[PDB]
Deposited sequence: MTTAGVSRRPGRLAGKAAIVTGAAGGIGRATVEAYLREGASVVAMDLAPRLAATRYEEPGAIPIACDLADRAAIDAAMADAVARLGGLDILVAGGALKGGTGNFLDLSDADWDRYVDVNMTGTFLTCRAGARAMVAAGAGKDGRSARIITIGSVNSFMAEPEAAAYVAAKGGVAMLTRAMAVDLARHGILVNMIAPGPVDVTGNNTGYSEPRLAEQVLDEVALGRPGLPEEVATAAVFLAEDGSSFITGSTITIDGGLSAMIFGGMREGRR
C-alpha cells in the first residue's frame, strides 16, 4: 500500500469526507486514528478494519485528544484536518455575533489548534529524507463566495491562507502542507444531498460534470498528498469540484441550453 507503515490522524472522521479518508488510508496500509465527536464516532462504522477511534471537541480537548492519538500511534506522519461546521445563516445584514463566532472559532481556530498540535508532534517524532504531511480541507468557498454564508466563507479564506503560512514556516522542519478544495459533495449516502429542484438545476448549470461529487472522490487526493512521491508539493490547493471554479455561464452550454 502507498501509505504502508505511516501513522495518520484524520479529524472529522465520522463525516463523509473524513470517513472516506479513514477508509482509503486503512486500505493503503496506514495506521489511522479517527477523531470526531464522541456521539458521532459511536454512530459510525468503517468498511475497512483497523481504525483507532478517539473522541474530541473542535482547546484543552484538542490537545488531550492529539496527545492521546500520538501516544497510541507511536508518532505522527500525516494529519488530515477535516473537522468543520458547514451551512449558511442568511444575509450578511442579519448575521449575528453568535453565528460569526461559531464558524470562526470552530472552523478557523479549531483547524489552527489541531495543526499546531500536529506539527509539534511531527517534529518531536523526527519529521525529515522524507517529510511529514499536513492536509487541510477547505472549499471552493476559500476562493469564491456562495450566497448567505459569510461566516463560513470567511473562515474558509482564513483556512486557505493559514495553509500557505504553515507551508512556508514548516518547510525547514520537514513538513509539507496543502489544501483540498471540494466543490459540492453529496454526503447523504442516498443521492439526495442536492435534490431540492432549484438547487439541482443550479448544479447542472454551474458544475461542468453536472453533478455533486462523492466523498471517495475527495479522499483520493488525501492519499496523493500523503504519499512519498508528492515530496515537492507544498503550499498548494487541489481543487475537486467537477469544473465549478473553472467555468462561467455554464447554463449556456450545449446540452444545458
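**Student:** Taking the deposited sequence as numbered from 1, list the residue ranges that were left without C-alpha coordinates.
**Tutor:** Missing CA coords at 1-10, 69-70, 141-142.
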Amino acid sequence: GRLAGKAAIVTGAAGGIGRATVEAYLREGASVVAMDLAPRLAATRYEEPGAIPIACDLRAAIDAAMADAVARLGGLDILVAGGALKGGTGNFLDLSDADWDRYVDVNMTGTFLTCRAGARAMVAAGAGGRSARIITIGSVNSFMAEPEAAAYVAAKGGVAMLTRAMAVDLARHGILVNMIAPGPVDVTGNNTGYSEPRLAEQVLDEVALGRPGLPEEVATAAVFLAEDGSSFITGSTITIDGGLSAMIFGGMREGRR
From here on, numbers count along this sequence of modelled residues.
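**Student:** Could you check which stretch, 158-166 or 105-113, carries the larger mean CA temperature factor in the entry?
**Tutor:** Per the PDB record, 105-113.
**Student:** Pick between 234-242 and 20-28: the one whose mean CA B-factor in the entry is higher.
**Tutor:** Result of the comparison: 20-28.
**Student:** Based on the PDB record, which member of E196, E217, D36, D205 exhibits the highest Cα temperature factor?
**Tutor:** The listed residue with the largest C-alpha B-factor is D36.
**Student:** Name the residue from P147, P182, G174, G83 with the greatest C-alpha temperature factor listed in the entry.
**Tutor:** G83 has the highest C-alpha B-factor of those listed.
**Student:** Hey, what third does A151 fall into on Cα B-factor, ranked over its chain?
**Tutor:** It belongs to the lowest third of the chain when residues are ordered by C-alpha B-factor.
**Student:** Splitting the chain's C-alpha B-factors into thirds, which one does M66 fall into?
**Tutor:** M66: CA B-factor falls in the highest third of its chain.
**Student:** Would you mind ranking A226 by its C-alpha B-factor against the rest of the chain and naming the third, lowest, middle or highest?
**Tutor:** Answer is middle: the recorded C-alpha B-factor places it there.
**Student:** Comparing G138 with the other modelled residues of its chain, is its CA B-factor in the lowest, middle or highest third?
**Tutor:** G138: CA B-factor falls in the lowest third of its chain.
**Student:** Where does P212 sit by CA temperature factor within its chain: lowest, middle or highest third?
**Tutor:** Tercile = middle for this residue's CA B-factor.
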